[PDB]
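>>> Task: produce atomic coordinates for the following.
(chains A and B, ligands or ions: 7)
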Amino acid sequence: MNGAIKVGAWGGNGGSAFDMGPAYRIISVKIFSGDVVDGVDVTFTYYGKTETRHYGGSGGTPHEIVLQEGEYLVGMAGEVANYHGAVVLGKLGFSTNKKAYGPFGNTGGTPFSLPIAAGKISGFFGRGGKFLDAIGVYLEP
Amino acid sequence: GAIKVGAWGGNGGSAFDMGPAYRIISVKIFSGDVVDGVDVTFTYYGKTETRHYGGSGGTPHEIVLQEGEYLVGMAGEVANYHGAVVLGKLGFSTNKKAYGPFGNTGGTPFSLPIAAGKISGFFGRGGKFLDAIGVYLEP
Ligand SMILES: C[C@@H]1O[C@@H](O)[C@@H](O)[C@H](O)[C@@H]1O
Ligand SMILES: C[C@@H]1O[C@@H](O)[C@@H](O)[C@H](O)[C@@H]1O
Ligand SMILES: [Cl-]
Ligand SMILES: [Cl-]
Ligand SMILES: [Cl-]
Ligand SMILES: [Cl-]
Ligand SMILES: [Cl-]
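Residues are numbered from 1 along each chain as shown, chains lettered A, B, ... in the order given. Ligands and ions are numbered 1, 2, ... in the order given. Shown next is the protein structure:
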């Protein structure tokens, strides 16, 4: 994009592209998991108004990360998994400058990790179908 | 300023920190069983410098960047090796080719695809082998 740093897409090539773009501020992220990651719902500030986007499928059970002020997403790790034929995220977690969350989901696979020594996660993108085939992030300082 | 991603690997060795370069020219990865070391050669504020990270061992494999060839990928495997935790395998992708991975000791893998941006620099820890490595990213 427009001076943007986009990192990954980890996962399979199934499903449909989704691209959140960068946010001014991520308010909350909400991961839906059972066996795998079903989806992610994101809520953020763009242009001064609140927006919420719904990625991946609609299944699974929510795990909500509510960023306090001064809390930033500075890590994301998971496991790329075969699952009933499709390659999707079997596990997904996140770290802020305060706590870790997850990983959510119960299907192991080939792991990925993204420690962000400097910067934060500013947005998301990836692939979505019945479940969360794949996920990447936007970065910024 | 910068966007630093990772340090994948162990906590032994001494830290290193190339900082971001203007352009990267070549990366050289010495490996045997594991990843012994990396040489980087790059331009920086009108100079040309080289740095060697980690040890003296291994057989080299060179990535020489062409006109408008960026590093847009790094990937390998964190490893326990006769004690120390080190890069056991390591490879890069340019926007034209994949290279490697070099080294022959699996373990727990990592992948950093860059969909938008480039690797402009390295940091990490090194000793006799390449204990840990991370990268600086830029648009
Ligand atoms: C109630 C449980 O909460 C977490 O442990 C999830 O990983 C499970 O999938 C389930 O939602
Ligand atoms: C390969 C997969 O096998 C089982 O997991 C089924 O329930 C799926 O629908 C698919 O058939
Ligand atoms: Cl140094
Ligand atoms: Cl470069
Ligand atoms: Cl040196
Ligand atoms: Cl570029
Ligand atoms: Cl060592």
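>>> which SSE is the closest residue to ligand 5 within chain A in?
Distances between chain A and ligand 5 by Cβ to the ion are smallest at residue A:117, namely 21.2 Å. Quick note: C-beta positions are derived from backbone N, CA and C, even for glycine. Assigned by DSSP states H and E, residue A:117 falls within strand A:110-118.
>>> Quick one: name whatever helix or strand follows that strand.
Strand A:110-118 is succeeded, C-terminally, by strand A:120-128 (DSSP H and E).
>>> got the angle between whichever helix or strand comes after that following strand and strand B:108-116?
Downstream of strand A:120-128, the first helix or strand assigned by DSSP H and E is strand A:134-140. Here strand A:134-140 runs at an angle of 60 degrees relative to strand B:108-116 (axes from the mean of the first three to the mean of the last three Cα atoms, to 10 degrees).
>>> what packs against strand A:134-140?
strand A:5-11, strand A:16-22, strand A:73-83, strand A:86-96, strand A:120-128, strand B:3-9 (3 or more Cβ pairs under 8 Å, 6 or more residues apart in numbering or on different chains; DSSP states H and E).
>>> Give me the buried positions along the second one.
Buried positions in strand A:16-22, judged by neighbour count with 16 or more other Cβ atoms under 10 Å in any protein chain shown: A:18, A:20, A:21, A:22.
>>> List the beta-bridge partners for the closest residue in space to residue A:112 that isn't next to it in sequence.
Closest residue to residue A:112 apart from its sequence neighbours, by Cβ to Cβ, 6 or more residues apart in numbering or on different chains: residue A:10 at 4.6 Å. On the basis of DSSP bridges, residue A:10 takes part in beta bridges with residue A:135.
>>> how near is residue A:10 to ligand 7?
29 Å (Cβ to the ion, to the nearest Å).
>>> Can you report how many residues neighbour that residue?
Residues lying near residue A:10 (other Cβ atoms under 10 Å in any protein chain shown) number 26.
>>> The one 3 residues further on too?
The local packing count at residue A:13 equals 10, with neighbours defined by other Cβ under 10 Å.
>>> Please name the nearest non-neighbouring residue to it.
The spatially closest residue to residue A:13, leaving aside those adjacent along the chain, is residue A:127, at 7.1 Å (Cβ to Cβ, 6+ apart).
>>> contacting residues around the one you found?
Residues near residue A:127 by Cβ atoms under 8 Å, 6 or more residues apart in numbering or on different chains: A:9, A:11, A:12, A:13, A:14, A:15, A:16, A:17, A:18, A:133, A:134, A:135.
>>> And residue A:114, by the same measure?
Going by Cβ under 8 Å, 6+ apart, residue A:114 touches A:7, A:8, A:75, A:76, A:77, A:137, B:5, B:6, B:112.
>>> between these, which is nearest ligand 3?
Closest approach to ligand 3 among the contacts of residue A:114 (Cβ to the ion): residue B:6, at 16.4 Å.
>>> Could you find the closest non-adjacent residue to the residue in chain A sticking out farthest from the centre?
When each C-alpha in chain A is compared with the mean C-alpha position (Cα atoms, centre = their mean), residue A:48 comes out farthest, at 22.2 Å. Distance criterion Cβ to Cβ, 6+ apart; nearest residue to residue A:48, sequence neighbours excluded, is residue A:24 at 7.7 Å.
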